[PDB]
């Protein structure tokens, strides 16, 4: 996250780090104690040996000795992710559930029919680079960015027609604050009180962009509301699965 600040313990209790052979590669969001929602592009051919993946949770410092690290039982990715950028979403089933404490909590999904409010300012968190030719963050960072409309983002001055309908952009026309390498798979959350209680919901998954924090090249997120049914299905369908499976 470029242009963000260090956050503290328990503020974004759903954030997890996905590490492969020791290195933090992507971010993820806990949907329950045993399921994490991330991006399909985090599991390319060379990173598909589940035994080499760990999910770190409950800490904001990557080197905290007080966070938990569990294994992965299975990864269910979206069969429509042609690269294997639309349908850049995947579910990770942990080998055992995480306890839910004041530092490990699941995030909510958008309600049925709940749509994105262009202009609304949401938060994006992660441990990715704080500068494109920079290093990852040692402490989880958080930043606030508004949703940009598709008419603006698909303009020839932004991403000239590359933003397909199940993705959206968030950021400042000016650049300055954005997600970057290492934040992929992580959470883009907005808070609302439609359930009469304020709750944070996962509206996007950090997916891609051109460089980081440049003006007119905002970040692109997977729009979670359009995958609600895929997620409900996948979880029922593959609860007892092991391996890399794909669901469309």
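Numbering follows the first chain given and starts at 1.
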Residue 84 to residue 85: deposited residues not modelled, binned count -> 4 to 9
Of 100 to 108 and 113 to 121, the stretch with the higher mean C-alpha B-factor in the deposited entry is 113 to 121
Comparing mean C-alpha B factor in the record for 20 to 28 and 229 to 237, the higher one is 229 to 237
Looking only at 128, 176, 146, 79, the Cα with the top B-factor belongs to 79
Among the modelled residues of its chain, the C-alpha B-factor of residue 3 falls in the third labelled lowest
So, residue 211's CA B-factor, relative to its chain, sits in which third? The lowest
Assert third(CA B-factor, residue 70) within chain per record equals highest
Quick tally, chain-level thirds of C-alpha B-factors: residue 193 sits in the middle
Temperature factor at the Cα of residue 44, chain-ranked in thirds, falls in the highest
